[PDB]
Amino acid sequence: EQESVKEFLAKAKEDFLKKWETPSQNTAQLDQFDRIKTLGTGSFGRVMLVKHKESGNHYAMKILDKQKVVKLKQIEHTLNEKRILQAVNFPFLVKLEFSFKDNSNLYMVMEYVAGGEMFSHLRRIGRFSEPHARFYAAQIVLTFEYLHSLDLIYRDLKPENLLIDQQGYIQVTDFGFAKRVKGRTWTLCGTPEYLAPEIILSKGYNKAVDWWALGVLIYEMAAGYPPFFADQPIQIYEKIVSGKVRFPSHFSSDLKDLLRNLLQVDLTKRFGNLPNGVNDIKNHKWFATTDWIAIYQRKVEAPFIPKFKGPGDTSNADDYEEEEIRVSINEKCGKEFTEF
C-alpha cells in the first residue's frame, strides 16, 4: 500500500536522474517571443511576462543578466537553478518550459501561473485559518518529500515563493538556492526569517533546514506574522538562535506541538530529519484531517480560488519601468555558462 509511494519515487528518481545527467539546453530563442510586461525587477533577477509567438501561449520569462550573476558570485547557484529545474517534475513545481541564452543574458522560460503570490493574499487576509494553513502546508510537505528524495535542498521557502494557481493549489518557484548534495553544505542563503539556526551559526547543514522553514512558514500562515522578526536582519538572527517561540492565543494545541518540533534547534529531535522520516510530520495530529493522496491528485476542494481574469494582463499586480533587454554584439561569459 505505502509501497505505492515507495515505488513512486524510484520511478521518479530514474526519471529525474536521466535528465540531471543529460540536461536539456538552448531550446528556444528570444525572437520567438513578444515581451508583455515586467512582473518584477531584482538585484540580478527579472521576470517579464511574455506571449509565445507561434502558439499564443503565455510564459513567465525569467531574464538574468550574465555579468550581474557573476558579480554577485551566483554562477554555481545560477547553474544549479537551471540544472535542477529542467529535471524535476511535480504537481506543485512550476514547470520550466524553455531555456536558452545569448550574448548578454540567460533565459529560463517559466510556466506562467495566474493565481497570486500567496504573500499578498496572506497579508491581505491577515492570516489563514488552521484548516487552510494545513491545505497549502500539506502540498509543501509533499513537494519536499519529492525534492529531498532527489537529494535536493530548496533553501528559500517562504510565502513569496509560493504561487496559488487557478485551481487554488500551490506552485513553488524561485529555485535560485536549490542544490543537489548528499553531504552537508555551508553557503549562507535563504531569507532571514526562514533560516534554521545551523545556517546562521554556519555549522554546515542538510535537508533539515527545509523542514525548519516549513515550521516558520506554517507559523507565519496561521499567525499572520513570522515566528521571528525585527527591523534589521541582525536581530532576526538573534531571536532565532535564542530559540524561544511564543504562540498566539488562537493556536490549536495540535499546531503548537507540531510547530514545537519543526522549529527545533536540536537536529536529533526535529521532524523530517529523524529516522521515521517525513511520517513524523505526515502523521502528526495537526495533519489528521489531511488525506495525502487526495492532494497529490489534487482531488481536494481548495479553500481560496483566485478570481483570475484569464490569460495575461488580468488585473492589478504592480508596474515597473519597462527596461529594454539588450544583447551585446559580443558574447559575455562564454566559458562560465557553457553548460547553461
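Residue indices: 1-based, along the sequence shown.
Asks: I need to verify one thing: averaged over C-alpha atoms only, is the B-factor higher for 143 to 151 or for 238 to 246?
Replies: Higher mean C-alpha B-factor in the PDB entry: 238 to 246.
Asks: Between 266 to 274 and 102 to 110, point out the one with the higher average CA B-factor as the PDB entry records it.
Replies: Taking the mean C-alpha B-factor of 266 to 274 and of 102 to 110, the larger value falls to 266 to 274.
Asks: Could you check 129, 202, 120, 86 and tell me which one carries the biggest Cα B-factor in the deposited entry?
Replies: When the deposited C-alpha B-factors of 129, 202, 120, 86 are compared, 202 is largest.
Asks: Going by the recorded CA B-factors, say which third of the chain residue 227 sits in, lowest, middle or highest.
Replies: Tercile = middle for this residue's CA B-factor.
Asks: Which third of the chain does residue 71 land in by C-alpha B-factor: lowest, middle or highest?
Replies: Highest third, going by the recorded CA B-factors of the chain.
Asks: Mind checking which third residue 197 falls in for C-alpha B-factor across the chain?
Replies: Middle third.
Asks: C-alpha B factor of residue 166, ranked within the chain: lowest, middle or highest third?
Replies: Top third by C-alpha B-factor.
Asks: Considering every modelled residue of the chain and its Cα B-factor in the PDB entry, is residue 18 in the lowest, middle or highest third?
Replies: Within its chain, residue 18 is a lowest-third residue by C-alpha B-factor, going by the deposited values.
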